[PDB]
């Protein structure tokens, strides 16, 4: 078989020879009982850079020693990209949401041998599922591989915005001291009201991590949590999003992007926020109107905004969230820590081994098989 795998670029100084540490913490299962990936073997050491072109998700020896071919590229955009060239006879396509190779209807029509569309990570929005259903292509992803990673990133950003970490560190780095300059915008998080807009895997993991900070927890979602869970975390439920914003000091978005949530944070809905609110968005860039957010921070309607998701992505060089007041942005990285990469490279190999050996792919990995069967 031919496996076509799209990854992001190696670092500026090259593929790293050494790493900061030797191994990764041992983990058995995700919250809720789903066990971590179980490939038969792996050909990488956990903690290596796996999501760049030279990392190859640790796949080449396993594939080439089994008669398969592996094409790894970072060129994914347009009809004359390496990706679209190699796609016509590829059996398997793999990409990460951090550099996704879009499987449009027209691309899937051209992919004569395509049988498996694999997401190395979480989030198959780059794959047209109706075309996969019609064409009998399996669509899978490494469920849960980076939900905890993103949750950590969220709480880190909450603390950093509220306490004014990033300008304070800049004073230290640039040779200043300037205590009043640092803390004129610095508060404690304690006893603030903090809401999450969804509360699925990331939203719940964020709520658990916030609880011992003695914040008052709020959430909204289409489907209420078991009030057993509501009782343990002392959650206030809001049936609608617009009800939750006004009572929150901090709001984190952990909701999927689709037409009803597109630009859900806009000039109109930002006026429902308490003056000086904080928003953290590690979900999707287009949940927020780019310029409404920028206006809110210049006017002080928000006192901070942080996230790793942008629109468009990758963010253009002059994108306003890069330099607006009190931003805590990173590039799109939160689910591709070296830790997460080890889990989803292993998950990728587990799915490939099942697929080539004709064994069942884990039901929790599946999105499409014959039909929208998860």
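Numbering follows the first chain given and starts at 1.
On mean C-alpha B-factor from the PDB entry, just flag whether 212 to 220 or 230 to 238 is the higher one.
Averaged over C-alpha atoms, the B-factors run higher in 230 to 238.
Can you tell me which stretch has the higher mean Cα B-factor, 249 to 257 or 130 to 138?
Between 249 to 257 and 130 to 138, it is 130 to 138 that shows the higher mean C-alpha B-factor.
Using the entry's values, work out which of 120, 179, 199, 294 has the largest Cα B factor.
By C-alpha B-factor in the record, 199 ranks first.
Choose from 281, 81, 149, 164 the residue with the greatest Cα B-factor as stated in the PDB record.
Of the options given, 81 has the highest CA B-factor in the PDB entry.
What third of its chain's C-alpha B-factors does residue 373 belong to: lowest, middle or highest?
Answer is highest: the recorded C-alpha B-factor places it there.
Mind checking which third residue 304 falls in for C-alpha B-factor across the chain?
It falls in the bottom third of the chain.
Within this chain's modelled residues, let me know which third the CA B factor of residue 97 belongs to: lowest, middle or highest.
Its C-alpha B-factor, which the entry lists for residue 97, ranks in the middle third among residues of this chain.
Once the chain's modelled residues are ordered by C-alpha B factor and cut into thirds, is residue 317 in the lowest, middle or highest one?
Middle third by C-alpha B-factor.
Considering every modelled residue of the chain and its Cα B-factor in the PDB entry, is residue 108 in the lowest, middle or highest third?
As the PDB entry reports it, the C-alpha B-factor of residue 108 lands in the highest third of its chain.
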